[PDB]
């Protein structure tokens, strides 16, 4: 009873994940930097399908065109040697001190133009390597104090930046879509578009909404105490789940980025149940950081645990939905009735229906138990294999 990933499971990792040196707000790096080529080769051996990157993880900031070409050729050769793909790319608009007040919403206009130029250079590179999704995480867009940022002007600048990138893509004829990833705080006191709902609502005001979706991250909605599977069902309902970042988080605290399955394990089960039952077919990407307590062996063990946890959860959710006893419980709790229209008969019919009001027996309907606890224990038994 083994759970081995294969490239067909679509498991992906950022170069910055297994590549995290372990520098935190209070401590120095505990591990030496890894060459991207080595990470590609080690991930291919564990069964991953591909890798993702921020421009600066691949090309050291400030590289001359000559060095650039060389970093790209070497990476390209490792992808050719392993059959690894690059489904998503993104921009680092947060490390360099120039981005201290943001990229697209920095108060200085010069910095905003530079941010857009640095992003466009990376879209051309992503297209060349075959990425289908381009993620945007505005980690420096926000503030630590109320007067420092007028939010309405900041959203106009954010809209302007995204509309210009959609103009660029369409003008070049590229087949690439954008995914905004929300985060409520850290490193800024408060970050703009803090949750999946704030990002979905913002998208609706862009000039070409169809080019943009969301890249929700497990730990980020949990940093606001929200239910991750409910936010994902809302992104699926809107047709905007373009990509997803998988990891673990223990509650409302700093962003831990623990391996997938760590953190809220029951939320992990319900998320896998939803992705698999809705038919999500994008990459299963891990945005995690192997703890700084680990050496290189612990890095690979942590990345391997990410994929394993997904596969065990997949099996338990499939056994849960497939159990006749669970199907019976779902009917007992009226999940079948939630799926039926409340009033397909129309407004006039509902208004004339005496059984909906005048003769509705409220006490009899109130007395019906929902049987949710029996259903939840069945889900618990299946997650634990005590079924």
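Positions refer to the first chain, counted from 1.
Peer 1: Mean Cα B factor from the PDB record: higher for 40-48, or higher for 55-63?
Peer 2: Higher mean C-alpha B-factor: 55-63.
Peer 1: Comparing 337-345 with 352-360, where is the mean C-alpha B-factor higher?
Peer 2: Comparing 337-345 with 352-360, the higher average CA B-factor belongs to 352-360.
Peer 1: When you compare the CA B-factors of 264, 80, 255, 150 as listed in the entry, which one comes out on top?
Peer 2: So the option with the highest C-alpha B-factor is 80.
Peer 1: In this PDB entry, which of 215, 185, 170, 107 has the top CA B-factor?
Peer 2: Within the set 215, 185, 170, 107, 170 shows the top C-alpha B-factor.
Peer 1: How does residue 14 rank on Cα B-factor within its chain, lowest, middle or highest third?
Peer 2: Lowest third.
Peer 1: Using the temperature factors of the C-alpha atoms in this entry, rank residue 281 within its chain: lowest, middle or highest third.
Peer 2: For residue 281, the deposited C-alpha B-factor lands in the highest third.
Peer 1: Of the three thirds of its chain by CA temperature factor, lowest, middle or highest, which one includes residue 76?
Peer 2: CA B-factor rank for residue 76: highest third.
Peer 1: For residue 196, return the chain-relative third of its C-alpha B-factor as stated in the PDB record: lowest, middle or highest.
Peer 2: For residue 196, whose C-alpha B-factor we compare with every modelled residue in the chain, the answer is the lowest third.
Peer 1: Looking at the entry's B-factor column for C-alpha atoms only, identify whether residue 96 ranks in the lowest, middle or highest third of its chain.
Peer 2: Answer is middle: the recorded C-alpha B-factor places it there.
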